[PDB]
Amino acid sequence: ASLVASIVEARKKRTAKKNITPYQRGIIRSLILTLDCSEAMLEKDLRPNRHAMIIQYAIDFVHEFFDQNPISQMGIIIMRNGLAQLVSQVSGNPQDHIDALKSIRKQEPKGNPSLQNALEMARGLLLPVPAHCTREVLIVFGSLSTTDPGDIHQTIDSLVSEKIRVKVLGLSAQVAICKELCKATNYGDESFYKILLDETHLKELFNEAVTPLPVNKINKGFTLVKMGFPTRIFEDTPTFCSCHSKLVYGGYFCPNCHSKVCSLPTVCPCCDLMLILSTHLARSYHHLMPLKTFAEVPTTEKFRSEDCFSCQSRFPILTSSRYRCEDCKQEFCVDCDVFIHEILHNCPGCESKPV
Amino acid sequence: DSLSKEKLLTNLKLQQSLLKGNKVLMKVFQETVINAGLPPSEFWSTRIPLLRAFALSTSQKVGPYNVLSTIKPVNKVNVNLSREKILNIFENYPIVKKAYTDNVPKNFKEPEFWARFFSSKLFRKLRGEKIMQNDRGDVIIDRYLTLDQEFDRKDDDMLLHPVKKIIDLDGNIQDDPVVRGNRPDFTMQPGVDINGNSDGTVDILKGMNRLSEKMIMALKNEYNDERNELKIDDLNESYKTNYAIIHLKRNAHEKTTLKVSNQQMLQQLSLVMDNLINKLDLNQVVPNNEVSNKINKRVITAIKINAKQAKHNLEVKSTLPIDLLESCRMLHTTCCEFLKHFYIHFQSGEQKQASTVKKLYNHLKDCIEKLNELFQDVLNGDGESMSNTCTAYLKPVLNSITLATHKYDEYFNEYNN
Amino acid sequence: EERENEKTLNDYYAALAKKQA
Amino acid sequence: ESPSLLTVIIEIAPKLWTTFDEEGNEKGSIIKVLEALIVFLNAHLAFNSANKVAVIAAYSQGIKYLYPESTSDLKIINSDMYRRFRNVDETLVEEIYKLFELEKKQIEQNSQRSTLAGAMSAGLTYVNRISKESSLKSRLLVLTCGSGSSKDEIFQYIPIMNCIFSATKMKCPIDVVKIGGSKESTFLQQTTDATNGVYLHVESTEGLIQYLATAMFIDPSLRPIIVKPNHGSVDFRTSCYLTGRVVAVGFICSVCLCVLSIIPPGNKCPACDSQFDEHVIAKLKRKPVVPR
Ligand SMILES: [Zn+2]
Ligand SMILES: [Zn+2]
Ligand SMILES: [Zn+2]
Ligand SMILES: [Zn+2]
Ligand SMILES: [Zn+2]
């Protein structure tokens with residue numbers, strides 16, 4: 001009787017994903033993850049302790065964020081002992097923040113949090129940020145309270161005025177002030193103050209936070225942006241780099257001012273212009289071109305085919321596991337459905353079918 | 001406040017502060033302004049986010065907390081004092097700050113003072129301890145008892161404020177001023193001692209309430225509505241996102257900077273299906289060892305070329321003298337700084353930038369000549385044994401610099417000429 | 001101007017002072 | 001070390017093969033290629049005892065799981081050869097003849113889209129299937145006849161990029177064999193460079209046995225101790241959307257993110273209709289200010 005429970009669970013899951021929309025979603029991102037390292041995360045209540053798992057999950061989050069969206073800079077400020085401590089400036093290299101987080105590994109989480117100080121200096125760090133960049137902050141929190149020097153509502157008003165959004169991933173339960181932050185910052189939405197139920201749910205939440213977010217019509221910033229593809233050289237001689245001032249065998253060359261750099265996707269240090277590859281911009285095209293869900297045909301009706309169109313395996317036989325791409329009119333197995341919907345980003349049935 | 005570009009450029013003390021924090025910043029700044037004489041405003045003009053980050057790092061302060069509650073009495077007692085917590089006590093209790101400042105710089109020592117403080121009954125009163133005449137306290141600290149009492153009265157006077165009638169229990173109990181009933185129970189009324197006086201639990205409870213009020217008014221610092229208050233949001237319309245979807249019209253330009261026929265391909269197709277059903281031999285695939293030898297030549301040539309590519313797969317190890325290595329790295333660094341500032345001036349595009357562009361052009365020319373003179377030095381220091389490698393190492397930044405000079409000259413001829 | 005000059009000269013002393021240190 | 005799951009996709013198309021053999025004179029060059037690939041799979045399955053091979057052909061109207069047979073008897077080849085080699089070769093020549101007979105049957109309808117990306121994606125799915133079953137090296141082989149008319153790679157570009165990203169996730173190099181008049185195929189060369197794949201283009205159907213026996217034998221068991229033989233280098237640039245030429249420094253939409261070598265007419269996005277800001281584009285059009 002487990003298949004009926006699985007079916008009704010899949011129905012209640014798919015009721016949320018019935019509506020799939022091609023919203024304009026931010027690509028030039030600006031993501032900040034502040035960390036609290038206080039007495040609360042010293043609890044071993046989840047194995048091994050909250051501090052260790054948020055360290056590991058932040059490592060994964062950095063990797064996933066830079067993989068999916070390499071067109072953003074990442075800054076991390078830790079919270080400790082009534083002080084918020086900047087440990088990671090916004091940068092194109094994830095490895096810097098990886099090393100900073102590795103430093104955060106060995107140190108000891110202790111103290112009390114101050115979202116006022118944390119968000120204030122996060123605002124100040126987010127101040128010299130260009131218009132197209134979408135300023136947004138992830139906040140992790142384990143306390144049920146917050147010691148603060150002054151008002152939080154002035155900070156809330158300033159953050160709303162400066163067009164920065166937040167998303168809170170609280171640990172224990174809901175905190176009303178964090179709900180207020182999420183609602184007021186997020187145009188009244190309640191889809192940003194999220195509480196886990198276990199570590200797997202925390203993993204899923206982090207994966208959810210990886211994704212780009214849609215933007216609002218009223219928050220209109222539709223413009224152009226100057227861009228430059230550089231050229232890579234492979235020279236015999238080591239050559240001084242502009243950024244780190246040291247001898248480099250290879251390195252890309254600046255398209256505009258003909259200097260050289262060491263890493264991409266990065267902006268020029270000399271002509272001060274952003275340099276990318278077409279792979280980097282095409283990386284988010286699945287977000288730009290979403291994929292429709294695939295429908296299982298019912299077991300009662302007559303079937304177009306009895307084996308999987310894509311992976312080429314036999315469909316198993318009570319119910320019918322034939323997920324149909326209505327855009328290509330072909331049914332598929334669950335494994336192929338998962339792979340095409342998540343790993344792949346094209347429908348080979350729609351590739352074979354001519355338009 | 002201290003947030004404008006002008007304020008950040010003005011704070012010379014903060015500039016010196018993060019200067020003294022770094023060491024390569026003395027190196028860079030010394031070469032930039034001490035050695036090259038660049039305008040230090042334009043030096044700091046790039047490092048404005050770093051300056052603001054340093055300022056905001058230095059600028060934060062903690063929130064209030066119950067420091068006396070965190071004080072523990074801990075046989076004997078050994079003082080283990082923390083200066084930040086001492087100042088926390090000072091800020092939380094200006095009476096204790098005053099008692100420090102009129103006694104320690106006048107009469108006795110700081111650890112002696114804090115031993116007297118922990119001995120004092122004023123400490124117990126300010127903490128969550130009921131005062132007792134069995135305790136003797138410290139007389140010097142306990143002279144401040146009435147001063148703290150009148151501080152409490154003045155603070156309560158400040159803390160008084162009018163109350164909203166929506167929640168005013170005083171208005172609630174002033175509903176009926178002529179309630180004539182019976183005297184309520186001793187159990188539920190505030191109990192007293194035998195002689196009618198109170199024990200003082202009402203005093204300690206109003207004191208901790210005063211602590212709460214002081215904390216919330218510290219929050220409420222420098223740094224009608226009931227219609228909104230009584231809204232029942234549970235029976236209201238759900239909020240829906242106004243996020244805009246996006247379509248995509250698709251019309252791409254063809255790639256810019258003989259035709260086969262169905263009959264002919266069908267004829268060839270018929271012929272090759274005939275050949276396919278006719279025969280297929282794996283053994284004929286073996287080549288003629290001469291055109292195959294040319295294939296060997298091509299393959300081996302590709303291997304040699306890409307192997308020489310792979311032959312040049314901390315920086316690289318070099319046989320430079322270390323001092324000259326540092327000097328040339330320094331010259332490369334300051335040349336890069338000059339070039340970046342010149343590009344900042346050039347891409348700015350103002351007539352106000354013109355003298356700056358000219359002067360940085362002169363500085364770039366000077367850097368060019370100094371690079372050449374350095375090349376003369378490594379010339380007569382090596383006999384061009386590795387002075388060639390020195391020139392090649394400093395080459396690409398020089399090429400970019402002189403390209404920028406040519407660009408400046410060309411735009412000068414474009415506009416002026 | 002003139003009053004900016006002693007400020008830089010103060011920075012001149014501090015730069016020299018940090019050099020020996 | 002481990003069995004290398006061999007992935008071979010053969011792009012068969014009479015529009016290319018007829019063009020190549022009419023341009024030259026080597027009729028049955030595709031047959032020569034097939035025999036060479038037969039020897040290649042023999043050499044691979046003799047290099048390791050279990051390095052299983054996936055063989056898929058993409059015809060004009062779609063793709064076909066050649067090896068193995070579907071989940072739902074003459075012998076042209078010799079009886080003296082090996083058992084497994086003979087089984088695979090007989091199966092493939094039977095499948096090839098069936099596909100060619102089918103292609104002769106439905107020759108007269110028109111489909112102008114290349115199916116290479118879809119074949120590559122389906123092969124990658126099958127690579128996931130094989131690797132998820134039971135540790136196996138993933139190495140993808142494409143055979144193409146590049147002498148045909150380069151019609152439009154524009155719609156092929158995006159799923160090719162997606163396939164590149166997937167193989168990057170899957171540590172599968174994409175090794176390219178091209179036979180055609182055109183020396184260069186930019187997207188394939190970029191694919192090889194990004195995926196650490198091998199690009200190679202020649203023209204003569206002879207000597208491909210020595211060519212892809214020598215060069216096209218790199219396995220992940222010994223990839224870092226073998227220098228790649230590719231000589232070309234790619235800028236990873238794309239042609240412009242409205243002028244069709246590659247751009248070094250340019251402009252992209254904040255929303256659609258398509259390359260604009262110049263200002264779009266009407267200052268509106270030619271991809272997603274976003275009207276832009278005139279002061280922004282005037283600042284972009286600003287000349288530098290030079291002293292007189
Ligand atoms: Zn570098
Ligand atoms: Zn540049
Ligand atoms: Zn399947
Ligand atoms: Zn489909
Ligand atoms: Zn657009």
# chains A, B, ... in the order shown; residues from 1 in each chain; ligands from 1
call {"tool": "residues_near_ligand", "arguments": {"ligand": "ligand 1", "cutoff": "10 Å", "atoms": "only C-alpha atoms and all ligand atoms", "output": "list in words"}}
result
residues 239, 240, 241, 242, 243, 244, 245, 246, 247, 248, 251, 260, 261, 262 and 263 of chain A; 315 of chain B
call {"tool": "write_last_selection", "arguments": {"atoms": "N, CA, C and O atoms", "output": "compact mmCIF listing (two decimals), in the first residue's frame"}}
result
# COMPACT_ATOMS: atom_id res chain seq x y z
N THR A 239 55.26 35.71 -17.72
CA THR A 239 55.01 37.14 -17.81
C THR A 239 54.33 37.63 -16.55
O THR A 239 53.49 36.93 -15.97
N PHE A 240 54.66 38.85 -16.14
CA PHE A 240 54.03 39.47 -14.99
C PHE A 240 52.54 39.67 -15.21
O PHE A 240 52.11 40.15 -16.26
N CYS A 241 51.74 39.33 -14.21
CA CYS A 241 50.31 39.57 -14.27
C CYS A 241 49.99 40.95 -13.71
O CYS A 241 50.74 41.51 -12.91
N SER A 242 48.87 41.50 -14.16
CA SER A 242 48.47 42.81 -13.65
C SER A 242 47.88 42.69 -12.25
O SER A 242 48.12 43.55 -11.40
N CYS A 243 47.13 41.62 -12.00
CA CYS A 243 46.40 41.51 -10.75
C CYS A 243 47.33 41.20 -9.59
O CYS A 243 47.44 41.98 -8.64
N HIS A 244 48.02 40.08 -9.66
CA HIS A 244 48.81 39.60 -8.54
C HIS A 244 50.29 39.92 -8.68
O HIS A 244 51.06 39.57 -7.78
N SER A 245 50.68 40.56 -9.79
CA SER A 245 52.03 41.08 -9.99
C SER A 245 53.08 39.97 -9.89
O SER A 245 54.02 40.04 -9.09
N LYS A 246 52.92 38.94 -10.71
CA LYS A 246 53.84 37.82 -10.66
C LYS A 246 53.87 37.12 -12.01
O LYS A 246 52.96 37.27 -12.84
N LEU A 247 54.92 36.34 -12.23
CA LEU A 247 55.22 35.79 -13.54
C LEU A 247 54.26 34.66 -13.88
O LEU A 247 54.04 33.75 -13.08
N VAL A 248 53.68 34.74 -15.08
CA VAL A 248 52.67 33.80 -15.53
C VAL A 248 53.05 33.31 -16.92
O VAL A 248 53.33 34.12 -17.81
N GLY A 251 47.79 33.02 -19.53
CA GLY A 251 46.93 34.13 -19.17
C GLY A 251 46.17 34.72 -20.33
O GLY A 251 46.69 34.80 -21.45
N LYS A 260 47.06 41.80 -19.19
CA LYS A 260 46.79 40.39 -18.98
C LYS A 260 46.28 40.17 -17.57
O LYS A 260 46.55 40.94 -16.65
N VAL A 261 45.52 39.09 -17.41
CA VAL A 261 44.91 38.72 -16.15
C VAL A 261 45.28 37.27 -15.86
O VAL A 261 46.02 36.64 -16.60
N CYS A 262 44.73 36.76 -14.77
CA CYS A 262 45.01 35.40 -14.36
C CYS A 262 43.78 34.52 -14.27
O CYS A 262 43.91 33.29 -14.31
N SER A 263 42.58 35.09 -14.14
CA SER A 263 41.38 34.29 -13.97
C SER A 263 40.19 34.97 -14.63
O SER A 263 40.18 36.18 -14.86
N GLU B 315 55.25 32.46 -7.87
CA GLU B 315 55.41 32.56 -9.31
C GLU B 315 56.38 31.48 -9.79
O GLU B 315 56.70 30.54 -9.07
call {"tool": "closest_atom_pairs", "arguments": {"of": "chain A", "to": "ligand 4", "cutoff": "9 Å", "atoms": "only C-alpha atoms and all ligand atoms", "output": "Markdown table"}}
result
| residue | atom | partner | partner_atom_place_in_ligand_line | distance |
| --- | --- | --- | --- | --- |
| A:292 | CA | ligand 4 | 1 (Zn) | 8.8 |
| A:294 | CA | ligand 4 | 1 (Zn) | 8.6 |
| A:324 | CA | ligand 4 | 1 (Zn) | 7.8 |
| A:325 | CA | ligand 4 | 1 (Zn) | 4.5 |
| A:326 | CA | ligand 4 | 1 (Zn) | 6.3 |
| A:327 | CA | ligand 4 | 1 (Zn) | 4.6 |
| A:328 | CA | ligand 4 | 1 (Zn) | 3.4 |
| A:329 | CA | ligand 4 | 1 (Zn) | 6.3 |
| A:330 | CA | ligand 4 | 1 (Zn) | 6.3 |
| A:331 | CA | ligand 4 | 1 (Zn) | 8.6 |
| A:346 | CA | ligand 4 | 1 (Zn) | 8.1 |
| A:347 | CA | ligand 4 | 1 (Zn) | 4.7 |
| A:348 | CA | ligand 4 | 1 (Zn) | 6.5 |
| A:349 | CA | ligand 4 | 1 (Zn) | 4.5 |
| A:350 | CA | ligand 4 | 1 (Zn) | 4.0 |
| A:351 | CA | ligand 4 | 1 (Zn) | 7.5 |
| A:352 | CA | ligand 4 | 1 (Zn) | 8.8 |
| A:353 | CA | ligand 4 | 1 (Zn) | 8.1 |
call {"tool": "interface_residues", "arguments": {"of": "chain D", "to": "chain B", "cutoff": "6 Å", "atoms": "only C-alpha atoms", "output": "PyMOL selection string"}}
result
chain D and resi 18+35+207+229+241-245+271-272+288-289+291-292
call {"tool": "select_by_dssp", "arguments": {"residues": "segment 7-202 of chain D", "states": "alpha helix (DSSP H)", "output": "ChimeraX atom specification"}}
result
/D:14-23,29-47,83-105,116-132,154-170,186-194
call {"tool": "residues_around", "arguments": {"residues": "segment 271-287 of chain A", "least_positions_apart": "2", "cutoff": "6 Å", "atoms": "only C-alpha atoms", "output": "ChimeraX atom specification"}}
result
/A:227-229,257,265-269,289-290,345 /D:236
call {"tool": "write_last_selection", "arguments": {"atoms": "N, CA, C and O atoms", "output": "compact mmCIF listing (two decimals), in the first residue's frame"}}
result
# COMPACT_ATOMS: atom_id res chain seq x y z
N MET A 227 30.37 44.91 -22.49
CA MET A 227 30.96 43.60 -22.29
C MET A 227 32.14 43.42 -23.23
O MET A 227 32.18 44.01 -24.31
N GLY A 228 33.09 42.59 -22.82
CA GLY A 228 34.22 42.31 -23.68
C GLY A 228 34.76 40.91 -23.55
O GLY A 228 35.17 40.48 -22.47
N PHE A 229 34.79 40.19 -24.66
CA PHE A 229 35.43 38.89 -24.67
C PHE A 229 36.94 39.07 -24.81
O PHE A 229 37.39 39.70 -25.77
N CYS A 257 42.52 47.16 -23.35
CA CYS A 257 43.78 47.82 -23.05
C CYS A 257 44.95 46.86 -23.05
O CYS A 257 46.04 47.22 -22.61
N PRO A 265 35.58 34.25 -14.92
CA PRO A 265 35.04 35.52 -15.41
C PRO A 265 35.33 36.67 -14.47
O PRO A 265 34.80 36.72 -13.36
N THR A 266 36.19 37.58 -14.90
CA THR A 266 36.62 38.68 -14.06
C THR A 266 36.57 39.98 -14.84
O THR A 266 36.52 39.99 -16.07
N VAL A 267 36.56 41.08 -14.11
CA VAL A 267 36.63 42.40 -14.71
C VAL A 267 38.09 42.76 -14.91
O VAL A 267 38.99 42.19 -14.28
N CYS A 268 38.33 43.71 -15.81
CA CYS A 268 39.70 44.15 -16.02
C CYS A 268 40.17 44.94 -14.80
O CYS A 268 39.39 45.67 -14.19
N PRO A 269 41.42 44.76 -14.39
CA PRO A 269 42.00 45.68 -13.41
C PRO A 269 42.52 46.94 -14.04
O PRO A 269 42.77 47.92 -13.32
N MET A 289 15.33 29.55 -20.52
CA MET A 289 14.40 28.71 -21.28
C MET A 289 14.01 27.54 -20.40
O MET A 289 14.67 26.49 -20.42
N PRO A 290 12.97 27.68 -19.59
CA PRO A 290 12.57 26.60 -18.70
C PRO A 290 11.97 25.43 -19.46
O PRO A 290 11.59 25.54 -20.63
N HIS A 345 19.17 19.92 -20.14
CA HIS A 345 18.32 21.09 -20.28
C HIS A 345 17.75 21.17 -21.69
O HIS A 345 17.53 22.27 -22.21
N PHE D 236 36.48 31.52 -27.92
CA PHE D 236 35.20 31.33 -27.24
C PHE D 236 34.29 32.55 -27.41
O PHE D 236 33.57 32.95 -26.50
call {"tool": "residues_near_ligand", "arguments": {"ligand": "ligand 3", "cutoff": "8 Å", "atoms": "only C-alpha atoms and all ligand atoms", "output": "MDAnalysis selection string"}}
result
chainID A and resid 308:313 332:337
call {"tool": "write_last_selection", "arguments": {"atoms": "N, CA, C and O atoms", "output": "compact mmCIF listing (two decimals), in the first residue's frame"}}
result
# COMPACT_ATOMS: atom_id res chain seq x y z
N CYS A 308 10.67 2.99 -22.96
CA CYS A 308 11.06 4.39 -22.84
C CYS A 308 11.65 4.92 -24.14
O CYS A 308 12.48 4.27 -24.78
N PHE A 309 11.22 6.13 -24.51
CA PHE A 309 11.62 6.72 -25.78
C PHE A 309 13.09 7.11 -25.78
O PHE A 309 13.78 6.98 -26.79
N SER A 310 13.58 7.59 -24.64
CA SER A 310 14.89 8.21 -24.55
C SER A 310 15.97 7.24 -24.08
O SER A 310 16.94 6.99 -24.80
N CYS A 311 15.83 6.70 -22.87
CA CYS A 311 16.86 5.80 -22.37
C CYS A 311 16.79 4.44 -23.01
O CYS A 311 17.74 3.66 -22.85
N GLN A 312 15.70 4.14 -23.72
CA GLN A 312 15.45 2.86 -24.37
C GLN A 312 15.47 1.71 -23.36
O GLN A 312 16.36 0.86 -23.35
N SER A 313 14.46 1.73 -22.49
CA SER A 313 14.19 0.62 -21.60
C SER A 313 12.69 0.38 -21.52
O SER A 313 11.89 1.28 -21.79
N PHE A 332 8.32 9.09 -21.49
CA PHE A 332 9.65 8.73 -21.02
C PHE A 332 9.56 8.07 -19.66
O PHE A 332 8.53 8.12 -18.98
N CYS A 333 10.67 7.44 -19.26
CA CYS A 333 10.76 6.82 -17.96
C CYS A 333 11.04 7.88 -16.90
O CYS A 333 11.35 9.04 -17.21
N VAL A 334 10.95 7.47 -15.64
CA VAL A 334 11.17 8.40 -14.54
C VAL A 334 12.64 8.83 -14.46
O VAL A 334 12.94 9.99 -14.15
N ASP A 335 13.56 7.92 -14.78
CA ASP A 335 14.98 8.25 -14.73
C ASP A 335 15.33 9.30 -15.77
O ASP A 335 16.00 10.29 -15.48
N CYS A 336 14.85 9.09 -17.00
CA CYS A 336 15.06 10.07 -18.05
C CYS A 336 14.35 11.37 -17.74
O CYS A 336 14.85 12.45 -18.07
N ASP A 337 13.16 11.29 -17.13
CA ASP A 337 12.44 12.50 -16.75
C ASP A 337 13.25 13.32 -15.77
O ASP A 337 13.41 14.54 -15.94
call {"tool": "interface_residues", "arguments": {"of": "chain B", "to": "chain C", "cutoff": "12 Å", "atoms": "only C-alpha atoms", "output": "VMD selection string"}}
result
chain B and resid 10 to 17 19 to 31 33 to 35 37 39 to 41
call {"tool": "residues_around", "arguments": {"residues": "segment 169-179 of chain A", "least_positions_apart": "3", "cutoff": "12 Å", "atoms": "only C-alpha atoms", "output": "number ranges by chain"}}
result
A: 33-36, 40-41, 43, 45-46, 50-51, 53-54, 115-116, 137-146, 151-153, 156, 166, 182-186, 188-199, 201-206, 208-209
call {"tool": "residues_around", "arguments": {"residues": "segment 115-121 of chain D", "least_positions_apart": "2", "cutoff": "7 Å", "atoms": "only C-alpha atoms", "output": "list in words"}}
result
residues 348, 351 and 352 of chain A; 11, 58, 62, 63, 113, 123, 124, 125, 156, 159, 160 and 163 of chain D
call {"tool": "write_last_selection", "arguments": {"atoms": "C-alpha atoms", "output": "mmCIF file, in the first residue's frame"}}
result
data_model
loop_
_atom_site.group_PDB
_atom_site.id
_atom_site.type_symbol
_atom_site.label_atom_id
_atom_site.label_comp_id
_atom_site.auth_asym_id
_atom_site.auth_seq_id
_atom_site.Cartn_x
_atom_site.Cartn_y
_atom_site.Cartn_z
ATOM 1 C CA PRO A 348 15.806 15.052 -27.363
ATOM 2 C CA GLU A 351 15.357 17.813 -30.886
ATOM 3 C CA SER A 352 14.388 15.017 -33.256
ATOM 4 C CA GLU D 11 26.446 11.489 -37.737
ATOM 5 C CA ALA D 58 21.820 9.932 -35.938
ATOM 6 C CA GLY D 62 16.360 11.140 -35.950
ATOM 7 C CA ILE D 63 18.701 8.873 -34.025
ATOM 8 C CA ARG D 113 17.741 20.271 -38.686
ATOM 9 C CA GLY D 123 24.082 9.195 -25.489
ATOM 10 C CA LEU D 124 24.914 11.143 -22.343
ATOM 11 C CA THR D 125 21.707 9.888 -20.743
ATOM 12 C CA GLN D 156 22.460 23.944 -32.667
ATOM 13 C CA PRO D 159 21.993 22.539 -26.773
ATOM 14 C CA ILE D 160 25.621 21.964 -27.704
ATOM 15 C CA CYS D 163 25.808 19.167 -23.572
#
call {"tool": "residues_near_ligand", "arguments": {"ligand": "ligand 5", "cutoff": "12 Å", "atoms": "only C-alpha atoms and all ligand atoms", "output": "PyMOL selection string"}}
result
(chain A and resi 24+222-225+288) or (chain B and resi 246-250) or (chain D and resi 241+251-260+264+267-276)
call {"tool": "write_last_selection", "arguments": {"atoms": "C-alpha atoms", "output": "compact mmCIF listing (two decimals), in the first residue's frame"}}
result
# COMPACT_ATOMS: atom_id res chain seq x y z
CA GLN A 24 12.47 37.65 -15.64
CA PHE A 222 16.01 47.29 -18.09
CA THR A 223 19.20 48.54 -19.72
CA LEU A 224 22.30 47.41 -21.57
CA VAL A 225 25.75 46.57 -20.25
CA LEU A 288 16.10 31.61 -19.45
CA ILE B 246 9.55 37.31 -20.45
CA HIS B 247 9.05 35.98 -23.96
CA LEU B 248 11.73 35.78 -26.64
CA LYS B 249 11.32 36.75 -30.27
CA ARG B 250 13.84 34.75 -32.28
CA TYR D 241 22.73 38.74 -32.96
CA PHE D 251 27.21 45.07 -25.37
CA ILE D 252 24.73 42.56 -24.00
CA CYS D 253 21.18 42.92 -22.79
CA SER D 254 20.61 43.12 -19.06
CA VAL D 255 17.68 40.74 -19.59
CA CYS D 256 18.04 38.65 -22.74
CA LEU D 257 21.86 38.68 -22.64
CA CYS D 258 22.46 38.54 -26.37
CA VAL D 259 25.59 40.04 -27.86
CA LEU D 260 25.14 43.42 -29.53
CA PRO D 264 20.04 48.09 -31.53
CA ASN D 267 17.13 51.17 -28.55
CA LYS D 268 14.98 48.13 -27.82
CA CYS D 269 16.15 44.58 -27.35
CA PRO D 270 16.19 42.52 -30.56
CA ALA D 271 15.70 39.41 -28.43
CA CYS D 272 13.37 40.27 -25.55
CA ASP D 273 11.95 43.71 -26.50
CA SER D 274 13.45 45.60 -23.56
CA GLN D 275 13.55 49.32 -24.21
CA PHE D 276 16.77 50.72 -22.80
call {"tool": "closest_residue", "arguments": {"among": "D:220, D:232, D:24, D:197", "to": "chain A", "atoms": "only C-alpha atoms"}}
result
D:232
call {"tool": "interface_residues", "arguments": {"of": "chain B", "to": "chain A", "cutoff": "6 Å", "atoms": "only C-alpha atoms", "output": "number ranges by chain"}}
result
B: 62-63, 219, 242-246, 312, 315, 340, 393, 400
call {"tool": "write_last_selection", "arguments": {"atoms": "N, CA and C atoms", "output": "PDB file, in the first residue's frame"}}
result
ATOM      1  N   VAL B  62      28.561  47.297  20.316  1.00  0.00           N
ATOM      2  CA  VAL B  62      27.693  46.222  20.780  1.00  0.00           C
ATOM      3  C   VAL B  62      26.406  46.787  21.361  1.00  0.00           C
ATOM      4  N   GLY B  63      25.435  45.912  21.614  1.00  0.00           N
ATOM      5  CA  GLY B  63      24.208  46.290  22.271  1.00  0.00           C
ATOM      6  C   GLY B  63      24.264  46.067  23.772  1.00  0.00           C
ATOM      7  N   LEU B 219      17.463  51.320  23.487  1.00  0.00           N
ATOM      8  CA  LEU B 219      17.091  50.998  22.115  1.00  0.00           C
ATOM      9  C   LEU B 219      16.399  52.175  21.446  1.00  0.00           C
ATOM     10  N   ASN B 242       3.758  40.417  -8.666  1.00  0.00           N
ATOM     11  CA  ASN B 242       3.674  41.177  -9.904  1.00  0.00           C
ATOM     12  C   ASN B 242       4.894  40.973 -10.785  1.00  0.00           C
ATOM     13  N   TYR B 243       5.553  39.825 -10.664  1.00  0.00           N
ATOM     14  CA  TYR B 243       6.746  39.560 -11.450  1.00  0.00           C
ATOM     15  C   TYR B 243       6.379  39.441 -12.919  1.00  0.00           C
ATOM     16  N   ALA B 244       7.183  40.059 -13.772  1.00  0.00           N
ATOM     17  CA  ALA B 244       6.910  40.077 -15.199  1.00  0.00           C
ATOM     18  C   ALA B 244       7.520  38.847 -15.855  1.00  0.00           C
ATOM     19  N   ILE B 245       6.724  38.157 -16.668  1.00  0.00           N
ATOM     20  CA  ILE B 245       7.270  37.054 -17.443  1.00  0.00           C
ATOM     21  C   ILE B 245       8.052  37.663 -18.590  1.00  0.00           C
ATOM     22  N   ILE B 246       8.887  36.869 -19.241  1.00  0.00           N
ATOM     23  CA  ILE B 246       9.553  37.311 -20.455  1.00  0.00           C
ATOM     24  C   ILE B 246       9.367  36.275 -21.551  1.00  0.00           C
ATOM     25  N   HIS B 312      55.897  24.548 -21.460  1.00  0.00           N
ATOM     26  CA  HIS B 312      55.821  25.703 -20.576  1.00  0.00           C
ATOM     27  C   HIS B 312      54.537  25.672 -19.760  1.00  0.00           C
ATOM     28  N   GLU B 315      55.245  32.456  -7.871  1.00  0.00           N
ATOM     29  CA  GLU B 315      55.406  32.559  -9.311  1.00  0.00           C
ATOM     30  C   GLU B 315      56.375  31.483  -9.791  1.00  0.00           C
ATOM     31  N   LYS B 340      46.691  52.249 -14.628  1.00  0.00           N
ATOM     32  CA  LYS B 340      45.301  52.173 -14.215  1.00  0.00           C
ATOM     33  C   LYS B 340      44.747  53.555 -13.932  1.00  0.00           C
ATOM     34  N   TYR B 393      60.493  40.336 -19.457  1.00  0.00           N
ATOM     35  CA  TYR B 393      59.593  40.305 -18.318  1.00  0.00           C
ATOM     36  C   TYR B 393      58.880  41.633 -18.155  1.00  0.00           C
ATOM     37  N   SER B 400      51.642  47.766 -23.272  1.00  0.00           N
ATOM     38  CA  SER B 400      50.330  48.322 -22.977  1.00  0.00           C
ATOM     39  C   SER B 400      50.428  49.805 -22.658  1.00  0.00           C
TER      40      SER B 400
END
call {"tool": "closest_residue", "arguments": {"among": "A:230, A:343, A:307, A:314", "to": "ligand 2", "atoms": "only C-alpha atoms and all ligand atoms"}}
result
A:230
call {"tool": "atom_distance", "arguments": {"atom1": "atom CA of residue 159 of chain A", "atom2": "atom CA of residue 180 of chain A"}}
result
13.1 Å
call {"tool": "residues_around", "arguments": {"residues": "residue 113 of chain B", "least_positions_apart": "3", "cutoff": "9 Å", "atoms": "only C-alpha atoms", "output": "PyMOL selection string"}}
result
chain B and resi 100+103-104+108-110+116-118+141
